[PDB]
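Residue numbers (the authors' numbering), protein chains in the order written: chain A, 2 to 140; chain B, 2 to 140; chain C, 2 to 140; chain D, 2 to 140; chain E, 2 to 140; chain F, 2 to 140; chain G, 2 to 140; chain H, 12 to 18, 32 to 118; chain I, 412 to 582.
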Amino acid sequence: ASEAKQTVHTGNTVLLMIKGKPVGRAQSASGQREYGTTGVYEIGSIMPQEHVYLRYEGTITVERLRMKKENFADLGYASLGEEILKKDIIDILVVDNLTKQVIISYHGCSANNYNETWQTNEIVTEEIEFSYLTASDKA
Amino acid sequence: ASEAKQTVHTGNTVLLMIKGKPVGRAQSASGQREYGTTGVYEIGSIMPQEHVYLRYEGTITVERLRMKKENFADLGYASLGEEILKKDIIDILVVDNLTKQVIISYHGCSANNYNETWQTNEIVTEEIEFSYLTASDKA
Amino acid sequence: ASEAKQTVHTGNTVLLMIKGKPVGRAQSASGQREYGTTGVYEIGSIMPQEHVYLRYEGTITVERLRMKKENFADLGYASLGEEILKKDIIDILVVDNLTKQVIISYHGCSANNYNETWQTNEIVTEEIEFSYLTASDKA
Amino acid sequence: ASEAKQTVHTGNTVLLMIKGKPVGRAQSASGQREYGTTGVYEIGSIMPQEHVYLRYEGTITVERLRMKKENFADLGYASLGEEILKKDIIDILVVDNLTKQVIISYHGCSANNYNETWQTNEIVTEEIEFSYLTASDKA
Amino acid sequence: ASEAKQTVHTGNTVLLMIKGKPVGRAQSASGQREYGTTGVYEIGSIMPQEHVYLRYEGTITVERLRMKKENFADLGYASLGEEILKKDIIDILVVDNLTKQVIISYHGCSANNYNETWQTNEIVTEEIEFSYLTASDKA
Amino acid sequence: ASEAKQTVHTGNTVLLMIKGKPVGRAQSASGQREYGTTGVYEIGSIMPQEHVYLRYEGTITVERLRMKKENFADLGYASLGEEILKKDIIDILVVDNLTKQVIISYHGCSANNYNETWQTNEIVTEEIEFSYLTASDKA
Amino acid sequence: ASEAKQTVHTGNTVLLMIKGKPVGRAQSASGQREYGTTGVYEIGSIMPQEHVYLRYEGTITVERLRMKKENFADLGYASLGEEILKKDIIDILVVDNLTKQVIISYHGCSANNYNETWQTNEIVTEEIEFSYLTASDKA
Amino acid sequence: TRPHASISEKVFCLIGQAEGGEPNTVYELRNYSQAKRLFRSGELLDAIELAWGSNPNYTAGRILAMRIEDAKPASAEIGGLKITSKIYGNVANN
Amino acid sequence: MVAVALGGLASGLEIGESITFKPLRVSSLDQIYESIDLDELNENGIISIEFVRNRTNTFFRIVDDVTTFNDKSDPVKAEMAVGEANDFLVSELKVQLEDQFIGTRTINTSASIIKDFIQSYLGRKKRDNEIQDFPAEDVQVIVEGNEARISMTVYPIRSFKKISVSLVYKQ
């Protein structure tokens with residue numbers, strides 16, 4: 002029940018941090034990976050003999066409500082036009098809210114798309130999908 | 002709660018402006034972008050070494066209820082038939098309603114499609130999807 | 002509120018007319034267009050330099066309840082079998098109900114498909130999708 | 002106090018007439034309508050800009066005690082089984098008892114349901130709910 | 002006790018006025034509103050961070066006994082059939098009986114439904130539910 | 002309202018007939034067509050110059066509940082296995098129930114697929130999709 | 002029996018205060034909360050393993066008789082039309098009448114709806130339902 | 012041709041030896057075109073543009089400035105007129 | 412006849428839309444006047460036309476809609492479009508007041524009701540964008556006998572007229 006004693010992580014007890022700054026009013030954070038698992042077959046056997054990991058591919062999508070100040074365009078993590086060419090590699094962390102302990106880290110994220118939506122009588126929302134080099138967890 | 006003090010943008014407090022004129026009774030404005038993020042691989046390493054931004058692509062979709070006067074065909078921003086060949090590049094802005102301050106701007110939009118729908122016992126609706134050169138935000 | 006003073010078009014106050022005859026008990030009329038907007042790129046620049054309108058393509062779909070008399074097959078606008086080869090180009094108009102004023106016109110429609118549905122305890126419905134040369138609005 | 006001088010209509014001084022015949026021993030007559038009032042909103046404004054009347058819908062319910070003769074099934078206005086397919090559109094009037102002056106008229110009623118109830122030591126009752134095209138009042 | 006000195010409004014001391022005319026023998030007037038209060042949440046916090054007013058919606062219901070003359074259909078404020086299309090926006094006021102001072106005003110009401118009931122040995126009653134643009138109070 | 006006077010066809014008043022026999026307890030009958038409308042373009046003009054009807058293609062789907070006797074397999078219109086090779090071309094008609102008057106006819110249908118479904122606590126259903134040479138209507 | 006010695010709170014001995022001002026002639030004050038208690042299940046066990054508090058939601062409803070002066074619209078806590086956009090967050094307290102000691106406090110209430118009712122020969126009543134950030138009690 | 016086209033909350037103060045404009049009066053500044061119009065020369069003109077040119081990203085808001093000098097305007101009495109310069113300082117003699 | 416053409420153009424514009432900078436479609440103008448001369452004419456309230464040869468095109472545009480009335484302090488008198496909007500708005504308000512109140516139903520149509528009717532009318536006109544804004548709280552009505560004396564404020568649509576650019580070359 003209590004935060005210290007619950008056995009399952011929840012969105013309430015997890016912070017999303019970027020460049021050492023917590024992302025305020027993020028809504029979701031989905032992590033996708035693919036190892037390129039290819040099976041090896043032969044003539045003379047129906048089954049796959051073994052599976053080989055050919056290539057690593059990773060994606061993270063962050064959804065966020067458009068903050069008045071400090072949205073991704075103003076805060077400088079997303080960018081528009083040729084400004085992409087000047088934005089260095091960025092690292093995003095997922096941290097426990099209680100102990101500020103890293104749950105996972107996405108080493109070196111870089112954007113794929115930056116999506117925005119204004120709509121009648123609804124909160125403005127934003128979405129970025131990053132590709133990243135590698136993920137890892139420590140401690 | 003109040004307009005000046007809320008920390009999140011909403012459709013209530015944002016105006017959609019085109020050619021210096023506010024678009025009356027627009028319903029939604031979706032912004033889509035793609036940086037063409039390609040990963041670089043090698044022989045001798047599973048992971049991507051780096052990501053390169055190959056090409057910039059942008060889209061904006063504006064949905065609007067068919068105004069009696071001054072719809073996009075009559076107002077002169079959309080066009081029908083060969084009239085497309087004569088409509089110059091147009092710029093659309095998204096502005097704060099309160100301070101008339103630019104939130105983002107879509108430099109040089111140009112139409113992809115112009116969609117209309119009449120239906121029984123329902124309000125007539127319109128949709129335009131523009132391609133645009135670049136987006137940016139100032140101040 | 003009143004018909005003369007409402008600022009938005011609605012299905013109640015719009016007539017659908019074909020060959021000078023109003024289409025009785027039509028249910029919807031969707032207009033689709035594509036300008037073939039292609040962007041121009043280069044070596045030496047990420048962004049699109051300009052957008053060119055390559056080709057114009059248009060479609061209109063009309064949905065209608067199967068009238069006892071004067072359905073599209075009997076009324077002579079749709080056709081079945083080899084009769085397509087003998088049906089000349091037809092023009093469809095969308096007109097204001099009040100002033101009989103043209104809202105838009107679809108110059109020279111020609112059919113793509115003619116779809117019908119009978120179903121248990123439901124009204125019979127019909128659908129035609131036309132290709133057309135050009136659209137325009139006047140007055 | 003007197004019938005000629007009272008300022009409010011009452012069930013005592015109103016007759017319910019169908020097809021020119023007064024309905025004997027009717028108990029209630031409820032009239033329901035809906036104009037489909039939809040409000041129009043925008044991005045950039047909290048309030049509704051205007052209300053549009055999308056569709057007209059009407060209902061009348063008549064409750065009646067089961068007359069020995071000339072109930073709705075015998076009198077021929079209600080019907081059972083396939084007989085519905087042969088009952089033409091019927092018009093019901095609400096008339097002043099004194100001057101035989103039309104209060105309102107329900108042009109072209111048609112039945113939705115025909116409900117009956119027998120119960121121990123109670124009067125048998127009947128109920129019909131009609132849909133109708135339009136209502137109006139004259140003189 | 003006296004009208005001038007009682008601290009609470011009552012139905013005895015309040016008039017209901019429409020188009021400058023007092024509504025005779027009205028029985029009730031209910032005002033309903035909704036601000037569309039939506040709460041803003043995040044990952045990393047259980048509570049709502051703030052509440053935003055998305056959309057304004059208002060309703061007023063007026064119940065009235067069917068006057069012999071000058072009921073809503075005859076008096077011209079309600080309407081039947083296609084006559085709705087021709088009834089302009091109407092304003093209703095709630096006024097103090099003593100000083101003829103506006104308590105509240107419902108700017109620009111428009112009808113949703115018009116309900117009637119005849120019943121045995123009972124007074125005929127009427128009910129209209131209006132949507133309205135905005136409400137306000139002055140002086 | 003009545004069958005003779007309603008202006009719209011319905012599933013209640015339409016029979017589905019095959020080989021002169023009415024299909025008992027059919028549920029739906031969908032007719033699909035395509036004229037292969039191709040547009041003609043040029044160098045020197047954005048718009049399509051004309052549309053040509055290249056090829057006629059037609060489909061009809063009939064859905065039916067599995068009759069105990071006289072289902073399509075037993076009745077001999079559908080077939081299983083090599084029996085397809087021996088089933089001659091079949092003609093299906095859609096007829097008015099009242100006057101036994103042909104609404105449309107599908108000259109020479111031939112099956113594409115024969116689909117069946119048994120399910121827990123549900124009625125068994127069948128579906129056939131025919132290709133046909135041509136459709137037409139008479140009288 | 003006496004106020005100082007009774008062991009149970011009552012409406013007689015509790016004041017309702019808003020912005021430091023006691024609300025005169027309030028009738029009821031209902032407090033509603035929901036912790037979003039979700040149970041955690043598994044494959045391999047029928048029972049819930051634990052319950053997690055996902056989201057906090059709170060509501061307070063205040064019912065009040067329409068004061069002649071200083072009703073919620075005039076007193077400035079409720080508001081009508083666009084005035085909602087300008088009313089800052091408000092705090093409501095529930096206090097002991099005797100010692101002026103806070104029983105509970107509703108930090109930062111904001112309105113959901115503002116309801117009014119005029120009725121024949123009855124006292125006028127008002128109702129507001131607020132959402133609020135958090136509640137707490139001290140001393 | 013009268014209608015035509017032609018071609032931070034932390035407010036910051038500066039005070040010192042400006043060499044232009046009337047002294048002993050506070051001026052509220054927004055752009056250095058306004059500064060050159062009034063503060064022709066001296067350390068204040070450098071200080072204003074330094075405050076607004078202080079950092080590539082950050083800048084000072086509206087600036088409050090006063091010339092602290094005992095300057096007075098050049099003037100002449102000739103003909104039937106007394107002639108006074110609007111400029112304050114030694115330069116007014118020119 | 413140039414004034415004829417200007418009247419034909421102005422009658423074709425939207426109500427309240429200015430002839431300012433609109434094309435005239437005159438062929439050639441027997442023009443003496445340059446920029447300072449145009450200033451002298453326009454400051455005197457005399458409408459002037461300027462020939463403009465664009466980079467690749469020619470057109471004649473009229474600089475302003477200033478009326479012959481000299482004093483610029485009141486744009487209702489000095490400017491024609493403001494006056495036109497004032498005339499149409501006033502006529503509509505007159506008619507609506509006639510229908511609502513000079514039907515003479517009762518003297519009991521107290522001042523607060525008239526204030527409410529005014530505020531609803533100005534709210535509608537703001538919704539139509541026929542007026543920029545009005546004070547919601549600063550309308551007052553005094554009624555005595557059969558007479559009501561009314562005072563109100565309205566903010567007219569504020570037009571935007573002048574720009575100056577200081578282009579600087581560097582590097």
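Ideal placement from N, C-alpha and C gives every residue a C-beta, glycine not left out.
Contacting residues, own chain, Cβ-Cβ under 6 Å from residue i (five flanking each side not counted)
i: residue 582 of chain I; result: none
i: residue 119 of chain F; result: 125
i: residue 494 of chain I; result: 487
i: residue 77 of chain E; result: none
i: residue 33 of chain C; result: 60
i: residue 526 of chain I; result: 550, 552
i: residue 496 of chain I; result: 427
Nearest neighbour of residue i, chosen from the options [CA to CA]
i: residue 37 of chain F; options: F:57, F:122, F:18, F:47; result: F:57
i: residue 576 of chain I; options: H:41, H:110, H:62, H:57; result: H:57
i: residue 74 of chain D; options: D:115, D:137, D:5; result: D:115
i: residue 102 of chain F; options: F:42, F:3, F:6, F:14; result: F:14
i: residue 108 of chain E; options: E:9, E:10, E:4, E:20; result: E:20
i: residue 40 of chain F; options: F:51, F:32, F:46; result: F:51
i: residue 79 of chain B; options: C:100, C:128, C:35, C:99; result: C:35
i: residue 112 of chain C; options: C:123, C:98, C:84, C:122; result: C:84
i: residue 54 of chain A; options: B:55, B:45, B:53, B:54; result: B:45
i: residue 11 of chain F; options: D:86, D:99, D:16, D:9; result: D:86
i: residue 562 of chain I; options: I:574, I:457, I:442, I:530; result: I:530
i: residue 117 of chain H; options: H:86, H:110, H:108, H:98; result: H:98
Where residue i sits in the DSSP three-state scheme
i: residue 393 of chain I; result: As shown, chain I starts at 412 and ends at 582. That puts residue 393 of chain I outside it, with no answer to give.
i: residue 80 of chain A; result: coil
i: residue 65 of chain E; result: strand
i: residue 535 of chain I; result: helix
i: residue 101 of chain F; result: coil
i: residue 530 of chain I; result: helix
i: residue 118 of chain G; result: strand
i: residue 74 of chain B; result: helix
i: residue 557 of chain I; result: coil
i: residue 28 of chain E; result: strand
Rounded Cβ spacing between residue i and residue j (contact assumed at less than 8 Å)
i: residue 105 of chain F; j: residue 136 of chain F; result: 6 Å
i: residue 40 of chain H; j: residue 67 of chain H; result: 5 Å
i: residue 71 of chain H; j: residue 36 of chain H; result: Actually they are not in contact, since the Cβ atoms of residue 71 of chain H and residue 36 of chain H sit about 10 Å apart, beyond 8 Å.
i: residue 24 of chain D; j: residue 17 of chain D; result: 5 Å
i: residue 474 of chain I; j: residue 453 of chain I; result: 6 Å
i: residue 112 of chain H; j: residue 96 of chain H; result: 7 Å
The ligand FAD heavy atom lying under 7 Å from the CB of residue i
i: residue 70 of chain F; result: In the structure on display, the ligand FAD does not appear, and there are no ligands present to speak of.
Contacting residues, own chain, Cβ-Cβ under 7 Å from residue i (five flanking each side not counted)
i: residue 72 of chain C; result: 127
Beta-carbon proximity list for residue i, same chain, < 8 Å, skipping 5 on both sides
i: residue 81 of chain C; result: 74, 115
i: residue 92 of chain H; result: 39, 40, 41, 42, 47, 48
Would the stretch 76 to 93 of chain G count as touching the stretch 41 to 52 of chain H if we require 3 or more Cβ pairs under 8 Å?
Flag = no, the stretch 76 to 93 of chain G and the stretch 41 to 52 of chain H do not touch.
Inter-stretch contact at 8 Å, needing at least 3 Cβ pairs: the stretch 66 to 85 of chain D / the stretch 24 to 43 of chain D
Contact between the stretch 66 to 85 of chain D and the stretch 24 to 43 of chain D is present: 3 or more CB-CB pairs across the two stretches fall below 8 Å.
Say whether the stretch 541 to 549 of chain I touches the stretch 564 to 571 of chain I, bearing in mind that this needs 3 or more beta-carbon pairs closer than 8 Å, one atom from each stretch.
Yes, the stretch 541 to 549 of chain I touches the stretch 564 to 571 of chain I.
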